[PDB]
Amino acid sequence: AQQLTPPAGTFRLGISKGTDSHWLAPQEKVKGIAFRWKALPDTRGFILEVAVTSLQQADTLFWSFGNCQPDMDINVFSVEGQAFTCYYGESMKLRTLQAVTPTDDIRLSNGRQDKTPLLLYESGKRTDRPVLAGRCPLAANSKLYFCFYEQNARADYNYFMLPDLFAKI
């Protein structure tokens, strides 16, 4: 019901209708589109359900993900289809955020060219710290889903298992 936030960074929602677009305000109402947010019980994170009934106000849904700390040493994204990974922090404290989106239409975009979703998506100006922008073409009587979560990086090998493993091979 109430907007939930990712384990890190800023997840922003926008809508377009033809050549018109704008970023949605925190509790902004959209004609034909409803937003339900549910917290993840196991790991840190959430699922968002975009319930599309009508395309009267919006033809497309837009989203943008950015780790808005210009002081951080590391901030990189890995995109695999409709999913992405964000590595943020420093070498001595590297954190991982994982996310799953409705479409594979994800672009490394310039966060300073974000006046509207359509300007961010078609942004191409040179940037050392890009943000991610996504395009979700909408359909009536359909549901779209998002998932932002953290993964416990279970290392397959520890130093104390290595001497036995070396002798075993």
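The numbering used is simple: start at 1 and walk along the sequence shown.
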Using the B-factors recorded in the PDB entry, average over the C-alpha atoms of 123-131 and of 37-45, then report which stretch comes out higher. 37-45
Determine, for stretches 149-157 and 19-27, which one has the higher mean CA B-factor as deposited. 149-157
Looking at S64, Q113, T103, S142, which has the highest CA B-factor as recorded? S142
With respect to C-alpha B-factor, does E90 fall in the lowest, middle or highest third of the chain as deposited? lowest
For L55, does the deposited CA B-factor place it in the lowest, middle or highest third of the chain? highest
Cα B factor band for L118 (lowest, middle or highest third within the chain): lowest
Sorting the chain's modelled residues by C-alpha B-factor and splitting them into thirds places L97 in the middle
Where the record places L138 (Cα B-factor, split into thirds across the chain): middle
